[PDB]
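I have placed the structure first, in the form of structure tokens, so that the comments after it can refer back to it.
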Amino acid sequence: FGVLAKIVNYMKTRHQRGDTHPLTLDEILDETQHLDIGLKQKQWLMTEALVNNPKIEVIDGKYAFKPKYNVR
Amino acid sequence: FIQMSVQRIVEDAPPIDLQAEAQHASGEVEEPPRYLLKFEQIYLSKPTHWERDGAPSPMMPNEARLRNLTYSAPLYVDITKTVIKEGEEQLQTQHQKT
Amino acid sequence: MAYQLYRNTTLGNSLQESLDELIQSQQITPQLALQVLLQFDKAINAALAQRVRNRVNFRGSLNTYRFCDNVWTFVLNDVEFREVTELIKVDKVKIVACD
Amino acid sequence: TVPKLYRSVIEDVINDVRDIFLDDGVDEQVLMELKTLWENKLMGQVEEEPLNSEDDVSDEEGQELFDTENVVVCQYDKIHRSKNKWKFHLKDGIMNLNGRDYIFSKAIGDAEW
Amino acid sequence: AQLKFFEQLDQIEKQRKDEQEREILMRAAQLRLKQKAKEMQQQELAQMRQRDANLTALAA
Amino acid sequence: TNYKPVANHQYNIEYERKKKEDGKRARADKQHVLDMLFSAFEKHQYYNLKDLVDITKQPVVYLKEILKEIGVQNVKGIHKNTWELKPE
Amino acid sequence: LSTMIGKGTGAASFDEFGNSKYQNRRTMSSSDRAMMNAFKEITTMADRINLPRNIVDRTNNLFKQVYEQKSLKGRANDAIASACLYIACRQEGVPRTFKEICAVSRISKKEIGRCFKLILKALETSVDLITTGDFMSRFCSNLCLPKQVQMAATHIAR
Amino acid sequence: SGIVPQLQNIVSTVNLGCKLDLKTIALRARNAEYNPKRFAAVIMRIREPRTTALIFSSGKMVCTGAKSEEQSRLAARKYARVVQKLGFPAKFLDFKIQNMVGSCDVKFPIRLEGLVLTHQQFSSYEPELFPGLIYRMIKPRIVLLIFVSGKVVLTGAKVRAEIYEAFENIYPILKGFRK
Amino acid sequence: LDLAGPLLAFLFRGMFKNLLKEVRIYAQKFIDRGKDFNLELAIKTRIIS
């Protein structure tokens, strides 16, 4: 679950890049040096619990658009 | 008063029990040490006056009257201190004539 | 994920070579090999800590030393390892220490 | 002596890895094969910026690269030095001198720099 | 492989029995919950313990 | 015998020896400190700065900087305003 | 320029759940509270070795001068108080050893000595060098030696 | 006077002008040690100048142990060149001698009691704390440790001239208290 | 009739309770820090006298 908040921080720096694009969890876990096993499944249960309260927006489809106010 | 009541007042007082407030935030299975103090065996010396040099000397009553000193005697208590740190060993150090 | 000192010795090298052979034969997975190495490190640390009860001495001269992350890397020359039962002479030695 | 300690270490290692071999679901024959192979394998410069004015101010760095000479790996409790000499309370550890291995509990060392 | 699936189902029954056959011992004096809590605590130690391994490998 | 002249009190020398042996907490790399912080938060949601310092074993200023980068202080009815380890 | 309030009588003084004195009185400033605590510590330390009140007053004045001068603001209060007590004993002509002052103060001998040097520099004053005869009376009396033995020891040392 | 103090230690600070990685320096250097729990810098020693230098991540370095100004500068340059060999852009900027220490003997016992009585404004003699008398000279900002055996140690000097001048000032005073 | 003895006994009861209270407080501070407080320093001699 802590690694999950770390993924949130990662996507926050991703916003900071400005190259935010519709993504998924596997590529982030790879780029953050973490694996894809049943651990990813339990942390994805936690991640969907996050999707129930993702003030930092994490939607399932085309997503990650956190800022409630966002133009450039 | 001096012979009985002072000693009885010292003995009647409950022993001092002290322990830390969950120090170090560790497993804390009674980890904070317990310090127990028990006062005993009160002793009184003869009236004594300590000079500016710090050298003790007997104080005669007339000298107290002339120099406006107070006619008093030192009061000493044996104190036993026990440390219980849950290390399976308790050490009971004794301090004589405090 | 342990102290990892004795891996770079005769014993650790032999264990690593055996694990490499089994990996080449596909008999064991690399994760299993790493787990075996970790368990070996634990067991060897415990064994040296417990079953060794002998006191040794040595003297000599120091030519280099390094320290980082609580790891000493002394480099001595013309060392004489003296023990009550036997004496050993060595031209050079490297002492790696950790704690 | 040292071989006997090695055999005891073998017993400890196999006992310690049995539980992992059960956890990972791998058959126990792996441990037997591992032990067999392991045993077989064992037995006036005003403008001072340029530093090139001095050369050969170092020594050969190949000693640490080689490491072929004798190597001692242990743990240290206290290490003191007083302006000339290095003093060593190295605790239980292992030594590799001339191939033959040595085992110790307390190691005391004095060296000069 | 089908037999291995059956053995895994048996291990699931064995863990339920062990957790519940004494979630009762605690009551007589939640076991699964306690185990989960214990597992949660190690994670922090493990990594503090673990990355030291990475630097020690670099050091030696 | 009372109040005998001593160079330094015994308890003080013991405490000083313990502190010297322990040493000052070192400033570790940002990545490892962040990972430890995230695991700590995984334990449960709310942490006080003092015990978080104990858990992380990092300098208070460095830990405060790293925590201000991601975490946020919430004023709460628990006892006081404390840190929140959730970045959002 | 302050006062304080008590319980008074039993009626409206205590209110809904025992308000007490409406409050707690809450008086003063740190530039005086720290000095007050230091004065209390000085009296305690002096009574531990039965120092006379004149030495206590000299110590209090020395501490006031040092505290207002503020070159030792970084040093812990008790160290300053202990060094001031040592200096007052030296100026009064009845020196106590640094170990003797440390025996009654929680501050170590090294810190007491450092603060003593700093206080000497801040006050721009000096203390007469100690002689073997200064400690003869106290040492002999604590050892319960006869007067002739004390005289012999003083003469031998001198 | 016929006596000249001899330098026993010189402290010099020089800025390399570039940030450094202390862990990398510790791993790659020869005689360097790095214990961030104990001290925040890296301690390195070179035997040929027989000196020790502390290297900080800010790029500033302090060199101590040199018996001469030239030895101090050469040792600092050698440490900078070692760091440069480790790949860093180390330079030699604003090298300066922060402190110098000298020692000498007057060859006669000295009555420190009379000395402190005469020069109480500059003297500080506390046998409880330290057996040597501490003299704080004003015209040169030098602190002198005078001992009953006659040994005199001077410290706090930026240049050798300060050491020599301070000894020249103190020698007649000491001659006035010869035991 | 309360003579000198009983009156001084009452006063000494009060002051010894206060002395033990002060020892409790002073030792508790050091115990919280983890230092092994000195008993002689804890006793405030001025209270009784």
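Each chain in the structure tokens gets a letter, A, B and so on, in the order shown; residues start at 1 in every chain, and ligands are counted from 1 in the order they appear.
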Original post:
Quick one: residues within 10 Å of residue 154 in chain H, only C-alpha atoms counted, chain neighbours fewer than 4 positions away excluded, as a PyMOL selection string?
Top reply: chain H and resi 5-8+100-104+134-136+142-146+162-164+166-167
Those selected residues, please, written with C-alpha atoms and delivered as an mmCIF file, in the first residue's frame.
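The result, written out as result.cif:
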```cif
data_model
loop_
_atom_site.group_PDB
_atom_site.id
_atom_site.type_symbol
_atom_site.label_atom_id
_atom_site.label_comp_id
_atom_site.auth_asym_id
_atom_site.auth_seq_id
_atom_site.Cartn_x
_atom_site.Cartn_y
_atom_site.Cartn_z
ATOM 1 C CA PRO H 5 59.599 28.282 17.501
ATOM 2 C CA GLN H 6 59.238 25.312 15.173
ATOM 3 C CA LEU H 7 55.879 24.571 13.588
ATOM 4 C CA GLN H 8 54.138 21.375 14.686
ATOM 5 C CA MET H 100 49.361 27.497 12.648
ATOM 6 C CA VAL H 101 50.779 25.750 15.716
ATOM 7 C CA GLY H 102 54.355 26.078 16.926
ATOM 8 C CA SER H 103 56.358 24.673 19.812
ATOM 9 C CA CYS H 104 59.623 25.596 21.515
ATOM 10 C CA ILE H 134 47.073 30.056 28.922
ATOM 11 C CA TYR H 135 48.328 33.464 27.774
ATOM 12 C CA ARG H 136 46.228 35.510 25.343
ATOM 13 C CA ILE H 142 48.176 34.311 19.646
ATOM 14 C CA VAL H 143 47.340 31.945 22.506
ATOM 15 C CA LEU H 144 50.389 30.552 24.301
ATOM 16 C CA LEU H 145 50.442 27.435 26.479
ATOM 17 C CA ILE H 146 53.292 27.945 28.960
ATOM 18 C CA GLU H 162 52.903 35.951 14.021
ATOM 19 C CA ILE H 163 54.389 32.892 15.749
ATOM 20 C CA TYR H 164 57.881 34.372 15.798
ATOM 21 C CA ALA H 166 54.559 36.320 19.722
ATOM 22 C CA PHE H 167 57.502 34.287 20.992
#
```
Original post:
What lies within 12 Å of residue 53 in chain F using only C-alpha atoms, ignoring chain neighbours under 2 positions off, as a list in words?
Top reply: residues 24 and 25 of chain B; 25, 26, 27, 33, 36, 37, 40, 47, 48, 49, 50, 51, 55, 56, 57, 58, 59, 60, 61, 62, 63, 64, 66, 67 and 83 of chain F
**OP:** Please determine the contact residues of chain F with respect to chain A at a cut-off of 8 Å, counting only C-alpha atoms, and supply them as a list in words.
**Re:**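 Listing them in order of chain and number gives residues 34, 35, 37, 38, 39, 40, 41, 42, 70, 86, 87 and 88 of chain F.
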Could you make a table, as a tab-separated table, of the residues of chain I that have an atom within 8 Å of an atom of chain B, each with its nearest atom pair and distance in Å to one decimal, counting only C-alpha atoms, in chain and number order?
```
residue	atom	partner	partner_atom	distance
I:5	CA	B:1	CA	4.8
I:6	CA	B:1	CA	7.0
I:8	CA	B:1	CA	7.3
I:9	CA	B:1	CA	6.3
I:12	CA	B:6	CA	7.4
I:13	CA	B:9	CA	6.2
I:16	CA	B:10	CA	7.5
I:17	CA	B:13	CA	7.4
I:20	CA	B:16	CA	7.6
I:24	CA	B:16	CA	6.9
I:27	CA	B:18	CA	7.9
I:28	CA	B:18	CA	6.6
I:31	CA	B:20	CA	5.6
I:32	CA	B:20	CA	5.0
I:34	CA	B:20	CA	7.8
I:40	CA	B:98	CA	6.8
```
**OP:** Return as a ChimeraX atom specification the residues belonging to chain E that are within 12 Å of chain H, counting only C-alpha atoms.
**Re:** /E:55-60
Would you save the residues of that selection, restricted to N, CA, C and O atoms, as an mmCIF file, in the first residue's frame?
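Contents of result_7.cif, freshly written:
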```
data_model
loop_
_atom_site.group_PDB
_atom_site.id
_atom_site.type_symbol
_atom_site.label_atom_id
_atom_site.label_comp_id
_atom_site.auth_asym_id
_atom_site.auth_seq_id
_atom_site.Cartn_x
_atom_site.Cartn_y
_atom_site.Cartn_z
ATOM 1 N N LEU E 55 23.598 -1.692 -0.993
ATOM 2 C CA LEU E 55 24.820 -0.860 -0.819
ATOM 3 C C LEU E 55 26.026 -1.720 -0.412
ATOM 4 O O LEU E 55 27.146 -1.378 -0.829
ATOM 5 N N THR E 56 25.814 -2.742 0.427
ATOM 6 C CA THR E 56 26.923 -3.627 0.866
ATOM 7 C C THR E 56 27.488 -4.368 -0.350
ATOM 8 O O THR E 56 28.721 -4.495 -0.436
ATOM 9 N N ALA E 57 26.618 -4.804 -1.264
ATOM 10 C CA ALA E 57 27.092 -5.473 -2.500
ATOM 11 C C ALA E 57 27.951 -4.490 -3.296
ATOM 12 O O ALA E 57 29.020 -4.904 -3.785
ATOM 13 N N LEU E 58 27.520 -3.225 -3.395
ATOM 14 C CA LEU E 58 28.337 -2.195 -4.088
ATOM 15 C C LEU E 58 29.653 -1.984 -3.326
ATOM 16 O O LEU E 58 30.709 -1.926 -3.990
ATOM 17 N N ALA E 59 29.594 -1.908 -1.994
ATOM 18 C CA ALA E 59 30.806 -1.680 -1.166
ATOM 19 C C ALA E 59 31.779 -2.854 -1.312
ATOM 20 O O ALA E 59 32.993 -2.597 -1.441
ATOM 21 N N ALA E 60 31.262 -4.088 -1.315
ATOM 22 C CA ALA E 60 32.126 -5.287 -1.409
ATOM 23 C C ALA E 60 31.739 -6.106 -2.647
ATOM 24 O O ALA E 60 31.329 -7.267 -2.461
#
```
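Nearest residue to chain H, choosing from G:28, G:120, G:34, G:56 and counting only C-alpha atoms: G:120.
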At a cut-off of 10 Å, using only C-alpha atoms, what residues contact residue 6 in chain D? Leave out same-chain residues fewer than 4 positions from it and give the result as a short mmCIF file (atom, residue, chain, number, x, y, z; two decimals) with N, CA and C atoms, in the first residue's frame.
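Saved result, selection-v2.cif, follows:
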```cif
data_model
loop_
_atom_site.label_atom_id
_atom_site.label_comp_id
_atom_site.auth_asym_id
_atom_site.auth_seq_id
_atom_site.Cartn_x
_atom_site.Cartn_y
_atom_site.Cartn_z
N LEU C 11 33.81 -21.10 0.33
CA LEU C 11 32.52 -21.75 0.56
C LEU C 11 31.42 -21.11 -0.27
N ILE C 44 25.54 -19.67 8.09
CA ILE C 44 26.98 -19.53 8.29
C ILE C 44 27.27 -18.48 9.35
N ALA C 47 26.56 -20.14 12.64
CA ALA C 47 27.52 -21.19 12.95
C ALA C 47 28.85 -20.60 13.42
N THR D 1 39.36 -30.74 11.78
CA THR D 1 38.69 -29.74 12.60
C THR D 1 37.85 -28.81 11.73
N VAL D 2 38.53 -28.02 10.89
CA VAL D 2 37.82 -27.14 9.97
C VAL D 2 36.90 -27.93 9.05
N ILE D 10 27.14 -27.63 6.69
CA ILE D 10 26.31 -28.26 5.65
C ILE D 10 24.98 -28.68 6.25
N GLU D 11 25.03 -29.34 7.41
CA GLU D 11 23.79 -29.77 8.05
C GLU D 11 22.89 -28.58 8.36
N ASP D 12 23.46 -27.52 8.92
CA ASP D 12 22.67 -26.33 9.24
C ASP D 12 22.06 -25.74 7.98
#
```
**OP:** With a cut-off of 10 Å and counting only C-alpha atoms, select all residues of chain I in contact with chain G and give the selection as a list in words.
**Re:**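 Listing them in order of chain and number gives residues 37, 38, 40, 41, 43, 44, 45, 46 and 47 of chain I.
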For the residues in the current selection, export N, CA and C atoms as a JSON list (two decimals), in the first residue's frame.
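As written to disk, part.json reads:
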```json
[["chain", "number", "residue", "atom", "x", "y", "z"],
["I", 37, "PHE", "N", 19.00, 8.75, 37.28],
["I", 37, "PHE", "CA", 19.06, 9.87, 38.22],
["I", 37, "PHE", "C", 19.79, 9.55, 39.52],
["I", 38, "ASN", "N", 20.55, 10.51, 40.04],
["I", 38, "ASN", "CA", 21.23, 10.37, 41.32],
["I", 38, "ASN", "C", 20.28, 10.72, 42.46],
["I", 40, "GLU", "N", 20.98, 11.51, 45.57],
["I", 40, "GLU", "CA", 21.42, 12.65, 46.38],
["I", 40, "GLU", "C", 20.99, 13.97, 45.76],
["I", 41, "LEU", "N", 21.04, 14.07, 44.43],
["I", 41, "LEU", "CA", 20.60, 15.30, 43.77],
["I", 41, "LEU", "C", 19.09, 15.48, 43.84],
["I", 43, "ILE", "N", 17.03, 14.77, 46.31],
["I", 43, "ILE", "CA", 16.60, 15.27, 47.61],
["I", 43, "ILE", "C", 16.86, 16.77, 47.69],
["I", 44, "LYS", "N", 15.81, 17.54, 47.93],
["I", 44, "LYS", "CA", 15.93, 18.98, 48.16],
["I", 44, "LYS", "C", 16.02, 19.20, 49.66],
["I", 45, "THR", "N", 17.23, 19.47, 50.14],
["I", 45, "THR", "CA", 17.46, 19.52, 51.58],
["I", 45, "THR", "C", 16.74, 20.70, 52.23],
["I", 46, "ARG", "N", 16.47, 21.76, 51.48],
["I", 46, "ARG", "CA", 15.92, 22.97, 52.08],
["I", 46, "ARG", "C", 14.51, 22.77, 52.60],
["I", 47, "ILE", "N", 13.77, 21.81, 52.05],
["I", 47, "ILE", "CA", 12.34, 21.71, 52.35],
["I", 47, "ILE", "C", 12.11, 21.50, 53.84]]
```
**OP:** Would you kindly report the residues of chain D within 7 Å of chain H, using only C-alpha atoms, as a PyMOL selection string?
**Re:** chain D and resi 48-49+51
What would the file look like if the residues just selected were written as a PDB file, in the first residue's frame with N, CA and C atoms?
```pdb
ATOM      1  N   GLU D  48      47.107  28.750 -10.228  1.00  0.00           N
ATOM      2  CA  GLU D  48      47.258  27.443  -9.600  1.00  0.00           C
ATOM      3  C   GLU D  48      46.208  26.424 -10.038  1.00  0.00           C
ATOM      4  N   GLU D  49      45.254  26.808 -10.882  1.00  0.00           N
ATOM      5  CA  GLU D  49      44.202  25.879 -11.282  1.00  0.00           C
ATOM      6  C   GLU D  49      44.727  24.562 -11.837  1.00  0.00           C
ATOM      7  N   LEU D  51      46.337  21.156 -12.053  1.00  0.00           N
ATOM      8  CA  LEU D  51      46.909  20.180 -11.133  1.00  0.00           C
ATOM      9  C   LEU D  51      47.919  19.257 -11.808  1.00  0.00           C
TER      10      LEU D  51
END
```
